[PDB]
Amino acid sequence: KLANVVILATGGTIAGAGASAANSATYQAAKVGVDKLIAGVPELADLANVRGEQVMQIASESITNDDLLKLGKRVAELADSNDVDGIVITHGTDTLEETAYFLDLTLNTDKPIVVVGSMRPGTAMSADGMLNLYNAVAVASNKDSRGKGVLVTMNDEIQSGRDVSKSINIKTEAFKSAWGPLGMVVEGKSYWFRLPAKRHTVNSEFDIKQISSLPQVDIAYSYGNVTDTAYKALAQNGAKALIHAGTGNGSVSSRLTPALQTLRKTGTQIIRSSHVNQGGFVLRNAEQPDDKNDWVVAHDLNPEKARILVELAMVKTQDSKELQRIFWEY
């Protein structure tokens, strides 16, 4: 009959609330509850059979690697149940883009996985959450959503969990992808215009089932006058890979290169990403000799997605050439 969709709540704005309606700021993060939430969008009942669970109650900006492994596992066990057709995950928008890419890489299932958040507090005037949630259930419950990877359904759009990023603050169309949306959801109905071209879910070489721990990976920012300080400090603190958020085409200040070649020698992966995030990508051997130094380029991945790919890739290889290949297919 209808599909069986499970909602995993993890906190959010969605189920947040401010002092009021005119107040689309200052709101408290992860304020309500899953059963409470489902109960407020009774239309859901027309799309599918929905069950909800509260996995964690967090603010996405304070998320942890463990919260990620915990959510990763939980979805795996649900994906295996003969009586779960699709999964919607409620999440804070700050780090939605990281979780989404995390799940796209390690969830070896065909079943639609949908992450949704909201830009305005639920009690805010014209709050976006209702409709986003309605549409997330709409997509998780359609047989055509099967096999397209992790999906994000905000603002009437179907975005790929791999490359959508929080790019516009305050506004409802905050989530954008440099490669565009895969489709649109209008009145709970799905319209597809494009398909993913990168490895994910069912065709991924990674399995959450095989991950017990995630390695420590950190990010340093490049700008005029930057020094090697933040990089050596994160390495000294445990960073197993450093994501270099360079200016331009992943460029490294001349005052830092030496730091980076030494860190490399002492076994730290060096991944060149950039703070030029609306389009294009970082090219290998263009601004730095990646072959000579044994560094890796993050391709089109922004600093935070690149972090997600590396922590996961490093769960299986410590070979620069292998990581390069991986940044090139996922």
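Don't overthink the numbering: it's just position in the shown sequence, from 1.
J.: Would you tell me which stretch averages the higher CA B-factor in the PDB entry, 66 to 74 or 301 to 309?
T.: Taking the mean C-alpha B-factor of 66 to 74 and of 301 to 309, the larger value falls to 66 to 74.
J.: If you average the CA temperature factors as listed in the entry, which stretch comes out higher, 101 to 109 or 77 to 85?
T.: The deposited B-factors put 77 to 85 ahead on the C-alpha mean.
J.: If you compare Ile270, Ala30, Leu283, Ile38, which has the highest Cα B-factor in the entry?
T.: Within the set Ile270, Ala30, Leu283, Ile38, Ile38 shows the top C-alpha B-factor.
J.: Highest Cα B-factor in the deposition, which of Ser160, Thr229, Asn249, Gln210?
T.: The listed residue with the largest C-alpha B-factor is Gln210.
J.: Could you place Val114 in the lowest, middle or highest third of its chain by Cα temperature factor, using the values in the record?
T.: For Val114, the deposited C-alpha B-factor lands in the middle third.
J.: Name the third of the chain's ranked CA B-factors that contains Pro121, choosing lowest, middle or highest.
T.: Ranked within chain, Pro121 CA B lands in the highest tercile.
J.: Ranked by Cα temperature factor within the chain, is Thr257 in the lowest third, the middle third or the highest third?
T.: For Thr257, the deposited C-alpha B-factor lands in the middle third.
J.: If you rank every modelled residue in this chain by C-alpha B factor, which third holds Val276: lowest, middle or highest?
T.: Lowest third, going by the recorded CA B-factors of the chain.
J.: When the modelled residues of the chain are sorted by Cα temperature factor, does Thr95 land in the lowest, middle or highest third?
T.: According to the entry, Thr95 has a C-alpha B-factor in the chain's lowest third.
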